[PDB]
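Remarks on the structure that follows.
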Amino acid sequence: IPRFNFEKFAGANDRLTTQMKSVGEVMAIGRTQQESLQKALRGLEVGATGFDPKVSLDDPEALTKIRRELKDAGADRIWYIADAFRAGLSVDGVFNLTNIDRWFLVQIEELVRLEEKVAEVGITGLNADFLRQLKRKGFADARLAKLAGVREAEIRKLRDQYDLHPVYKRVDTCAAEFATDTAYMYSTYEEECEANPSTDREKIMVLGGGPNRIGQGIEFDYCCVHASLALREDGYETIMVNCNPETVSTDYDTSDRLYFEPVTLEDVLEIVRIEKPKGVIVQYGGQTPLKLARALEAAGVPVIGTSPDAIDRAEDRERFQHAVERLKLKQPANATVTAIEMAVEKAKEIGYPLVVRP
Amino acid sequence: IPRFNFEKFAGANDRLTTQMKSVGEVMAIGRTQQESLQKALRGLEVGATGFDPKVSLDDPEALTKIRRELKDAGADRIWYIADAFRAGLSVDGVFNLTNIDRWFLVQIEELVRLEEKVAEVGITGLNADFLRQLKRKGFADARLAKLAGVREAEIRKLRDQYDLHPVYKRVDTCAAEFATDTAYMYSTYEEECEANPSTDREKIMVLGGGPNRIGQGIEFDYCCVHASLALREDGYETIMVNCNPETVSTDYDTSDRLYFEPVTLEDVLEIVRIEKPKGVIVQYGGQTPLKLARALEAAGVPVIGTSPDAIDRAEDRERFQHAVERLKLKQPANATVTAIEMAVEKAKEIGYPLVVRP
Amino acid sequence: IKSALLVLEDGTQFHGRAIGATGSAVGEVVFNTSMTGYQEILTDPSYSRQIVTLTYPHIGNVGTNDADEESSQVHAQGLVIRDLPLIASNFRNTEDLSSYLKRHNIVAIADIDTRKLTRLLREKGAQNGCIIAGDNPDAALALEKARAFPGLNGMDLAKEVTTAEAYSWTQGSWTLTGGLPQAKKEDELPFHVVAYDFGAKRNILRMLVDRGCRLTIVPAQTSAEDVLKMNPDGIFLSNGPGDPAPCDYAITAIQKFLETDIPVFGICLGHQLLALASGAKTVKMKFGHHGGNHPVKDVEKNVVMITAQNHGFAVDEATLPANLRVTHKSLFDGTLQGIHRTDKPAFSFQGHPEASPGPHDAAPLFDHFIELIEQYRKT
Amino acid sequence: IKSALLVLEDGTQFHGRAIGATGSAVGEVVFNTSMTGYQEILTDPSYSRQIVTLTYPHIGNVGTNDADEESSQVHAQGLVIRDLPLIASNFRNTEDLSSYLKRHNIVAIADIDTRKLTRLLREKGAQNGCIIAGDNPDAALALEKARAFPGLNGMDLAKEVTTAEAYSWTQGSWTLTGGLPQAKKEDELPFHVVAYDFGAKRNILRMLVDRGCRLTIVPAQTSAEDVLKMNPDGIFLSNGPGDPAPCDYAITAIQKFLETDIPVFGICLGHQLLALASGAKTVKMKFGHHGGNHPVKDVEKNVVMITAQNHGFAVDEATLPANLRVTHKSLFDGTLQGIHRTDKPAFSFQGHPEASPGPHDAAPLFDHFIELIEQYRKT
Ligand SMILES: [Cl-]
Ligand SMILES: [Cl-]
Ligand SMILES: [Cl-]
Ligand SMILES: [K+]
């Protein structure tokens, strides 16, 4: 899946054409097209959990926006496709607008129907058989939590309860015709696990930055590689978690163990669960691993280096200001706000012109 | 199907509800539902040939209008339902908005698909097999014509070539368990014909007024009934063509023969083809048969009473205007017009206020 | 494109579409005017060796369901309809008609002029025919097979559909709310009826059970002696296929029951058998009676009832033994529909008091039977 | 919900969904790495008696079409896949895979861990198995059937699939534009080849016809004498299922041809028979070769070709007679792939030159045949 950054380019034409405009890309592997695809959506780092809706069902104007989005593809077309199915459009109707092969389209429609059932059945109806079936189709605990109106953590706990975890397959170039000594893996919901983790070494896990985008590029991958290189050299078993195909970090050569996976809490905890690493590094892959820090820690992950909390002190502009204040250092006239009214009030004081920094 | 007159009541609420708003109704008989429905559509006299489109395929806002029309029924719903299928909505999608049983819906979707085929293959693709299949699903020559981008008279001709004419069945209360000596028939495309026309007498055909509506009501039934009563008494074999169920004219006691059919050119021509009547009366059923006159005569129908040219002298405003002049009679200050600009110009002349009479 | 063809003995061809299993079917062709209850009709044993034609064009609108089965299987030889709906649309539906037909391995055709066929049969009377569904159906072969059909005239079909071993039925009738009930415990059933299985509809049984009887179904050929030996509170004679005439065994036995004071009841065939056993005569009708809109008069109360009919044969009224008194007649053709023994506690009905499908009008005919039974018990 | 299950000899079970016919399938379980070409594979006679597993998870994306059939029927004993797609999506499709399988009465199962299966086979070697598709599939039963299977080792299968009667073949290869051409008039083909059907693939012949060869297909057990009498321009040995060793009749005959100067060419089984007839030995592979990305070296020219392979038996290089020279070898494992008689105009290939499905890299092998035939004609 390609990664775009149109929001950074306000007056830009954002319809897709024959002249590339994407900034990076994500890649996913799955035993099935649906599984592969859903994993890619969630690995894209755009805040999706799969096919999150873009328009409300009760929008009267909705069918018009959708048609627009389908007929003239923008970067979000993929989501609008699932919205079209939620709205009653057929595979043929969508095909006619998009020209996307029905082979694919039918698969997305099927997912939409599954979503609908989960919504209806809620958490209560998420029985092991069903849950399994959904996991098998690439559903993220988070999307499932969204639909059932619960917390992602609840879905996760449920899976645990049902002893529902993915297995890891390996890439080998030959559809298993030959054995492999390399460990380039991917998750799936199937029978046999081929992960066979060591018990032998002290492991360090490095979380990559997913797809490249503006502000988060190759620099981050360069660091991840070095971390991997340096530690391995030091004698640690290195484990890389990343899904950017364009990278050296995703090159089998780079680490001892490579999990070509979405850099999500879900995906990472599943890995952690079998590797039981000594430490996990979250400061070398950009914003993504940084935002997950607290959640990982909360979940029992041995995050090493600057703590999620310390990270928080800096990442959180009120905490930081605080600290600076604590150190008796110089900062400009500022304030920390959450609502316009307060911000509007808060700005008269400080003074113009001012800098809005999230 | 009910008959409405919303166009006469501008500021009215035209959404269908629990209080009646219709003014009339049409009824149709067909061996199949598809056949039944289509006949009714064309028997309604609202300008439909069957499922004529309401919105354009290339109108961005089209799905939105459809949506509305389906969600909140208007008198136009049935046509919108077809437009919805053309637009890419599924049966389910339609059911959700309409609550109309899918048993019916699929039927309409199927006619749409057949219609799209006609549009693709065109007049060349109209082989006997296909054409026959089309006639069987109730398709009117007129609808086929627009789709095939040809003239209705061309389809009718094609039918001729092929020997594609309908058979007539009889109404009998028992599903053929018993014989009937009554001639209450409806047209269908099948094998056996039960028309069994007389060779015996001189026949007179009376064309009915179709559904009741504001402006053309019961008066026209009363006249039809009387014409039959009269002529019959006079020794003629009387044939009635009408499809208004609430009428005495559609009563089997009323005439010798009763064809419970839509009052259209196609439908009338078929009966005429078999009845071979002495004459046809087009003057006692409202505007309908009045508009059909020219076409009927031109197609060899033996129209009795005031001629079609004569009817046109009176029905055409410019022609009427001349007549008055030629007679040295008095009429107001007026002019006959076809375009606004000219109308505007002429108006200046005549002077306001002024009456617009089509 | 899947073809099918139906050929009548007379040479008349109907070309259409295959909607069931691949192959051929031969039987006596009949028309049924029921607008609803096609599944119930299909699973009716009296239809065995019969190719059923339905007058109502759209057949299959509600799909199928197990509760709508009147027997363990489809008895109709073939199915002839005007139109097979695109979809089945009913909450009770479990399988679309096509699937069901195929599953039951029924050869079925669609898209033919059923009306023209109806008129033919009604006009020229019942005919045997053949339906061939497949790649290139052979019209001459069809004719051949049709022509070659023996004829239900003098055909004992009862023996062919009857049960192998006698059995017990204690199951009640269906409810919208509860569906098909659970079988009852014998002890919950006052009465004990013995039923000859001439190819009986489940609805007869259920309705009986419904009225407090515990049943024991026996093969058609069972001996009265064997019967009497169970001490039944009443005997019953079911519906079934073929000529009733040929069934000497059952005739014989019924004769033997009418010597005793046991109450007896016959439905359709059972009606014919009992009339036979009373020395009356049976005829084969021109086209028979098949529908669910048949008016029947209770001559006694001069009251009319709409009934469910299915019969190719009838009992001759002008050959009725005096001991035989007419309770009912058909208002469509004045045919004999019901009889009662003057002397005995034995009566019968030509139609189907149990419906399934059809009007419930004649269900009280059962009540009489219960009267007759509680009376023999008083005795 | 439609249950299916696959049980291997070792006792391993794979639970999934039935996508074909109901019942049971028993044979040798193999794995094929072909990402495209499933239909061609299924209809390949060489698979007779084999339960086929496909490594590529989505099988059926393109539906089926007759043009993609390599024989009159589906020979594979069963099909095992990971995922059966919701729809076929291809202009050439005429029937979805599932319908196709049912129509051919093929027992197949989807939704299983084909990779796990694959690894097992690769690791432990070929096993026999049994698939049971139906209501409550019995594992013990499938197990027992898989253990009771006799095994392909030593099983002559060519005799089982060969042509009853001999025949003629004059049709060429398919084209996008044209499609399957019309048969060629005998007078249109300069050459005349006699082809021994050991369960031959249509493409092989089409590809021969393509080279201007006229064909006469004969039953596998056809005598050399009988064959000679036809004055062939060359002989051809077809592929086919099971063990080549037990095919005494064909070996013997072959030996005969070799005493002559007619040019002979064999493919797969043909290759083996020909080796056999030259005094070489055959052995059953660990898991064999099945896929379409198989690298084979033309040792003479030191070039690689990506080949279509489907073999479970192989020729022992070590036991090779001096009159037999090696022409080709697998790059994957080193096994023997091509041989040529030092002394006679006879050669064969292990892989499948005609492909279908697969790469066209091997097709030239044919051309060499044709050269041999021309030269015999010179003489
Ligand atoms: Cl109003
Ligand atoms: Cl066509
Ligand atoms: Cl017909
Ligand atoms: K027909």
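First residue shown is number 1, and so on along the chain.
Keep in mind that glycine also has a Cβ here, set from the backbone N, Cα and C atoms.
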Residue among D:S24, D:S34, D:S46 sharing the L-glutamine site, where Swiss-Prot lists D:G240, D:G242, D:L269, D:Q272, D:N310, D:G312, D:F313 as binders: D:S46
Of the active-site residues listed as D:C268, D:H352, D:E354, the one whose CA lies nearest the CA of D:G312 (L-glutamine binding site): D:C268
Close in space, distant in sequence - D:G242 (L-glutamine binding site), Cβ under 8 Å, 6 or more apart: D:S48, D:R49, D:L152, D:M155, D:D156, D:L157, D:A158, D:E160
Local backbone state of D:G312 (L-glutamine binding site), from DSSP in three classes: strand
Secondary structure at D:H352 (active site), reduced by DSSP to three states: coil
Alpha-carbon spacing, D:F313 (L-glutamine binding site) to D:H352 (active site), which is rounded to whole Å: 14
Those recorded positions of D:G240, D:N310, D:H352, D:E354 having Cα within 10 angstroms of D:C268 (active site, nucleophile): D:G240, D:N310, D:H352
Fewest Cβ neighbours within 10 Å, where candidates are the binding-site residues D:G240, D:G312: D:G312
Those residues of the chain, 6+ apart, with a Cβ under 8 Å from that of D:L269 (L-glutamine binding site): D:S46, D:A158, D:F198, D:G199, D:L237, D:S238, D:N239, D:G240, D:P241, D:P244
Maximum Cα-Cα separation in Å among residues D:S46, D:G240, D:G242, D:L269, D:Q272, D:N310, D:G312, D:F313, which the record lists as binding L-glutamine: 13
Neighbour tally for D:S46 (L-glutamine binding site), based on other Cβ positions within 10 Å of its Cβ: 30
Among D:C268, D:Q272, D:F313, D:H352, D:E354 [recorded positions], residue with fewest other Cβ within 10 Å: D:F313
Cα-Cα distance linking D:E354 (active site) and D:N310 (L-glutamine binding site), given in Å to the nearest integer: 12
Integer Cα-Cα distance in angstrom, D:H352 (active site) to D:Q272 (L-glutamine binding site): 13
Neighbouring C-beta atoms (10 Å sphere around the C-beta of D:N310 (L-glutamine binding site)): 27
